[PDB]
Amino acid sequence: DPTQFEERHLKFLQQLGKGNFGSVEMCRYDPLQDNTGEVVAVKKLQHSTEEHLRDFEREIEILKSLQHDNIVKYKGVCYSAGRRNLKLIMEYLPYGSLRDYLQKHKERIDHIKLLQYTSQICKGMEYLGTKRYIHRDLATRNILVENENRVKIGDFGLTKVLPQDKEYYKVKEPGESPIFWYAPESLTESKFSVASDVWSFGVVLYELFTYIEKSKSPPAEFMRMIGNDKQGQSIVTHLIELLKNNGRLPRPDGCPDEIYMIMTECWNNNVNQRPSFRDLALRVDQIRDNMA
Ligand SMILES: CCc1cc(O)c(F)cc1-c1cc(N[C@@H](C)CO)c2nc(NCCCCCN(C)C)ncc2c1
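The numbering of the sequence shown is full-length UniProt numbering, which starts it at 840 and goes up by one.
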């Protein structure tokens, strides 16, 4: 009943943007028409194909199954438009994406604060992994800011559930892929695992310590490394060979070496040699303790 959202009571307020296969709007759920309703984030599919509706229902099921302080809260589903025009209702996180929050404030968010966010992302990812879910899109653009003290993992649009018998999930026909955050085995074999999210987490830590400086983003740096003359599929071929030959993102300007050590550990070509999220959360917490 309260998790039952009727479309007629959903008042559009502003467009929030684009997700992993649809659009997000800020809506006020106002069943008393007095503008006193809760402000929510609503995902609706732009192109309701059979494969896309199926993926959206899986995302909705995945989000519903997650209860953690550092995972964006699922609120409900709005069916009023029929089962072919589903709306996902999430909590509204008013500070927006960590990418945009950090780009806005830059060095005003100190290393203590960045490691508090890093710790939270680890705890979110570790809980995610207990459920055998592979996020597949860990990036500061998909991490949301609740307040200056708490971040949460968002966009579960690419999340996969591991087979019962396997420690990886093979994507047979990939869609739009954030290749600059991808592990080598994800680029070569399209294999995703907890270990490939750890690789992506190392990229997020890189992102945090660059403070989203335009020319320092992972695509900018990797493109500079493989050559800005590389286009389309060729980018993927060269990126694979670069990673195989230990080409990596640089240490961000002013990054503590302790933190860069973690990034490079996440970026290990050997899948089995990557740290766990349990151990990353313990290590980042010990770093924060040594700083306080
Ligand atoms: C419903 C889509 C969705 C699906 C998922 O599976 C999921 F895990 C999360 C979300 C989702 C997606 C959002 N934004 C996208 C576009 C960016 O990643 C959210 N945006 C906000 N607040 C944004 C405020 C920005 C403005 C701030 N200025 C005023 C400074 N709150 C909650 C959000 C929740």
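Beta carbons: idealized from backbone N, C-alpha and C, even for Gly.
* Give the secondary structure of residue 989 by DSSP, where H, G and I count as helix, E and B as strand, and everything else as coil. => Indexing the sequence shown from 1 puts residue 989 at position 150. In the structure shown, residue 989 adopts extended strand secondary structure according to DSSP, grouped into three states.
* Relative to ligand 1, is the shortest distance from any of its heavy atoms to the C-beta of residue 936 smaller than 7 Å? -> Mapped onto the sequence shown, residue 936 falls at position 97. It does: the Cβ of residue 936 is within 7 Å (strictly closer) of some heavy atom of ligand 1.
* **Beta-carbon contacts of residue 1013 that lie in its chain and below 8 Å, excluding the five residues immediately before and after** => Numbered from 1 along the sequence shown, position 174 holds the residue referred to as residue 1013. Hits under 8 Å: 1029.
* Is any heavy atom of ligand 1 found at a distance shorter than 7 Å from the C-beta of residue 857? -> Position 18 of the sequence shown, counting from 1, holds the residue named residue 857. Yes, ligand 1 has a heavy atom inside 7 Å of this Cβ.
* Asked: DSSP state of residue 1031, grouped into three classes?
  -> The sequence position of residue 1031 within the sequence shown is 192, counting from 1. Residue 1031 falls in the strand class under three-state DSSP.
* Asked: In whole angstroms, what is the alpha-carbon distance linking residue 860 and residue 947?
  -> Counting from 1 along the sequence shown, the entry for residue 860 is found at position 21. Counting from 1 along the sequence shown, the entry for residue 947 is found at position 108. C-alpha separation (whole angstroms): 33 Å.
* Where are the beta strand (DSSP E) runs, 3 residues long or more, that stay fully inside the segment 903 to 988, in chain order? -> If one requires a minimum length of 3 residues, the beta strand (DSSP E) runs lying completely within the segment 903 to 988 are 913 to 917, 926 to 930, 982 to 986, in chain order.
* To do: Look up residue 882 in the DSSP assignment and give the residues it is bridged to.
  => For this step, residue 882 is matched to residue 43 along the sequence shown. Beta bridge pairing from DSSP links residue 882 with 863, 927.
* Asked: Is the shortest distance between the beta-carbon of residue 1130 and the beta-carbons of chain B less than 8 Å?
  -> Included in the structure is just one protein chain, with no chain B present.
* To do: Below 8 Å CB to CB, which residues in the same chain sit around residue 1113 once its five sequence neighbours on both sides are set aside?
  => The count along the sequence shown starts at 1 and reaches residue 1113 at position 274. Around residue 1113: 1034, 1037, 1038, 1104, 1105, 1107.
* Indicate whether residue 1032 and residue 1006 have their beta-carbon atoms separated by less than 8 Å. => Indexing the sequence shown from 1 puts residue 1032 at position 193. Indexing the sequence shown from 1 puts residue 1006 at position 167. Taking a C-beta distance under 8 Å as the contact criterion, residue 1032 and residue 1006 qualify as a contact pair.
* Is any heavy atom in ligand 1 found nearer than 7 Å to the beta carbon of residue 980? -> The count along the sequence shown starts at 1 and reaches residue 980 at position 141. Residue 980 has its CB nearer than 7 Å to a heavy atom of ligand 1.
* Evaluate contact between the segment 1073 to 1088 and the segment 984 to 992, counting only Cβ atoms and requiring at least three cross-stretch pairs below 8 Å. => These segments do not touch.
* **Inter-stretch contact at 8 Å, needing at least 3 Cβ pairs: the segment 887 to 903 / the segment 948 to 956** => Short answer: they don't touch.
* Please look up how many angstroms separate the CB atoms of residue 865 and residue 940, rounded, as I've assumed it's under 8 Å. => Reading the sequence shown from its first residue, position 26 is the one you call residue 865. Reading the sequence shown from its first residue, position 101 is the one you call residue 940. In fact, because the Cβ distance is near 16 Å, the residues do not count as touching under 8 Å.
* Buried or exposed: which applies to residue 1100, given that a residue is buried once 16 or more other Cβ atoms fall within 10 Å of its Cβ? -> Sequence index remark: in the sequence shown, residue 1100 carries index 261 (1-based). Here residue 1100 is exposed. Its C-beta has fewer than 16 other C-beta atoms within 10 Å.
* **Any alpha helix (DSSP H) of 4 or more consecutive residues that is wholly inside the segment 991 to 1028** => Listed in chain order, they are 1023 to 1027.
* With residue 912 and residue 929 assumed to form a contact (beta carbons below 8 Å), what rounded beta-carbon distance in angstroms separates them? -> As a first step, residue 912 must be located in the sequence shown, where it is residue number 73. As a first step, residue 929 must be located in the sequence shown, where it is residue number 90. A Cβ-Cβ distance of about 7 Å is found for the pair residue 912 and residue 929, placing them in contact under the 8 Å criterion.
* Taking contact to mean at least 3 C-beta pairs separated by less than 8 Å, is the segment 954 to 974 in contact with the segment 874 to 882? -> Contact between the segment 954 to 974 and the segment 874 to 882 is absent, because fewer than three Cβ pairs lie under 8 Å.
* Residue closest to residue 884, alpha-carbon to alpha-carbon, out of 1018, 968, 926 -> Counting from one through the sequence shown, the residue named residue 884 turns up at place 45. Comparing Cα positions, the closest option is 926.
* To do: Compute the Euclidean distance between the alpha carbons of residue 1045 and residue 891, then round it to the nearest angstrom.
  => Counting from 1 along the sequence shown, the entry for residue 1045 is found at position 206. Counting from 1 along the sequence shown, the entry for residue 891 is found at position 52. When rounded, the distance between both Cα atoms is 32 Å.
* Asked: What do you get for residue 1111, buried or exposed, if any count of 16 or more other CB atoms within 10 angstroms of its CB means buried?
  -> Taking the first residue of the sequence shown as 1, we reach residue 1111 at position 272. A residue is called buried once 16 or more other Cβ atoms fall within 10 Å of its Cβ, and residue 1111, having fewer, is exposed.
* Spatial neighbours of residue 995 within its chain, please: CB distance less than 6 Å, with the 5 preceding and 5 following residues excluded, ordered by chain position. => In the sequence shown, residue 995 corresponds to position 156, counting from 1. Result list for residue 995: 898, 901, 902, in chain order.
* Identity of the residues DSSP links to residue 853 by a beta bridge -> As a working mapping, residue 853 is identified with position 14 in the sequence shown. The partner list for residue 853 (beta bridge, DSSP) reads 865.
* Asked: Cβ-heavy atom distance between residue 1058 and ligand 1 below 7 Å?
  -> On the sequence shown, residue 1058 is found 219 positions in, with the first residue counted as 1. It does not: the Cβ of residue 1058 is nowhere closer than 7 Å to a heavy atom of ligand 1.
* Quick one: what does DSSP say residue 1125 is sitting in, helix, strand or coil? -> Position 286 of the sequence shown, counting from 1, holds the residue named residue 1125. Correct three-state label for residue 1125: helix.
* Rounded C-beta distance between residue 972 and residue 910? I'm assuming under 8 Å. -> Within the sequence shown, residue 972 is the residue found at index 133, counting from 1. Within the sequence shown, residue 910 is the residue found at index 71, counting from 1. Going by Cβ atoms, the distance from residue 972 to residue 910 rounds to 10 Å, so no, they are not a contact pair.
* **Beta-carbon proximity check, residue 979 vs residue 1047, cutoff 8 Å** => Here residue 979 refers to the residue found at position 140 of the sequence shown. Here residue 1047 refers to the residue found at position 208 of the sequence shown. Taking a C-beta distance under 8 Å as the contact criterion, residue 979 and residue 1047 qualify as a contact pair.
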